[PDB]
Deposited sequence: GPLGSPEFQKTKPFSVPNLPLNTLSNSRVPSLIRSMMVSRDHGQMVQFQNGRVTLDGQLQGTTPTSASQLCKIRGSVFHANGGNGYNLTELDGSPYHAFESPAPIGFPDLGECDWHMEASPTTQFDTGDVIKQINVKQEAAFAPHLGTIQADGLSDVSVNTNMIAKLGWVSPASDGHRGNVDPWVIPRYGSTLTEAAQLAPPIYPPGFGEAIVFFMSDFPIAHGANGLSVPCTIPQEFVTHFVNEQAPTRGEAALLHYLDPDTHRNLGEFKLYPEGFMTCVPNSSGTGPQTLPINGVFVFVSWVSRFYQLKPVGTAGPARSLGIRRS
């Protein structure tokens, strides 16, 4: 039988950045289509895009340093050191999906070292030499690292594109994985009947973010892990959820979780919808309903 975690949202992680859920929101400006590659999972527990099981795999890169004429960078592997297979994902699992911005990362050797001198602040730009699908990315800060040095890089902060084609960091945009083409997790659309996609918002270090520090995702990481663990057969077109008060277990709103692993509500006329709900509530599965089951409006 299908279930969602009985865990308060404010204790759970974003599925695109390793950061606690701070709020829920709907977006009129950005909610018409998203194609996030992290936080992508079916309700019967099939991982999609670059989505890992663990939050500890999120926004990390592993590779061997290459030195090329007018570029240095990484020949990419999976985080565990094993080969990257194109038949599995558009990039190695846990690869960041924050498109069209600079990635400021801390890179360390995957071999035992004595001193912090071998730890490098690197900058990955999304320009011509950004080709994760082809297994190669260019990175600044590697000029003094020996060729074939194996390193793990962890995303620290993001800033506007070095080439200046954008003024801000747009956390709704995914990368262009590179091609000469990647099998992306499919686009998510609001399915009609006044329904808006629910976004789980977390703060991440972003210089000039369109929404300041806020990064949206379509499902908490611990929900991803739960579905992968349970492998519950999908026995309906949508799973009806209640968002409960953690003290009283009283119903604060109705939500539909679709087989494609994203969630919707109908926001109240006023505007905000789930944004006015408290963030220490718990989702509970009620029953399977049709994809045209009409939800009561949520919020003020």
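Colleague: Deposited sequence versus model: which ranges have no CA atoms?
Modeller: Going by the record, the segments left unmodelled (no C-alpha atoms) fall at 1 to 12, 193 to 195, 316 to 327.
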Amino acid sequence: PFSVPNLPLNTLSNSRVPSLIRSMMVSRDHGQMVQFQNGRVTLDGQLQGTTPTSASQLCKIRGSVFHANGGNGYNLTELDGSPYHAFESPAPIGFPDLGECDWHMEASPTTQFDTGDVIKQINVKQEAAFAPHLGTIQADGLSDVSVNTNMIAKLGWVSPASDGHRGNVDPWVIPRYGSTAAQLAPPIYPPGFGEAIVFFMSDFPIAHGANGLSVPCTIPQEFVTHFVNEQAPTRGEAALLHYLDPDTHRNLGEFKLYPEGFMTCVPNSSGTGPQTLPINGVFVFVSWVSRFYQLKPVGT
From here on, numbers count along this sequence of modelled residues.
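Colleague: Take the C-alpha B-factors listed in the entry for 120 to 128 and for 215 to 223, compute each mean, and give the stretch with the larger one.
Modeller: Going by the record's values, the stretch with the higher mean is 120 to 128.
Colleague: Given the B-factors recorded for C-alpha atoms, which segment has the greater mean, 33 to 41 or 262 to 270?
Modeller: The recorded data point to 262 to 270.
Colleague: Among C101, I152, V145, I174, which carries the highest Cα B-factor?
Modeller: That would be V145.
Colleague: Considering only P246, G49, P52, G63, which residue's Cα atom bears the greatest B-factor as recorded?
Modeller: Comparing C-alpha B-factors across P246, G49, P52, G63, the maximum falls on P246.
Colleague: Mind checking which third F199 falls in for C-alpha B-factor across the chain?
Modeller: It falls in the bottom third of the chain.
Colleague: How does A239 rank on Cα B-factor within its chain, lowest, middle or highest third?
Modeller: It belongs to the middle third of the chain when residues are ordered by C-alpha B-factor.
Colleague: Lowest, middle or highest third: where is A139 by Cα B-factor in its chain?
Modeller: According to the entry, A139 has a C-alpha B-factor in the chain's highest third.
Colleague: By the recorded C-alpha temperature factor, relative to the other modelled residues in its chain, which third is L257 in?
Modeller: For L257, the deposited C-alpha B-factor lands in the middle third.
Colleague: Ordered by C-alpha B-factor within the chain, which third holds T180? Give me lowest, middle or highest, please.
Modeller: Middle third, going by the recorded CA B-factors of the chain.
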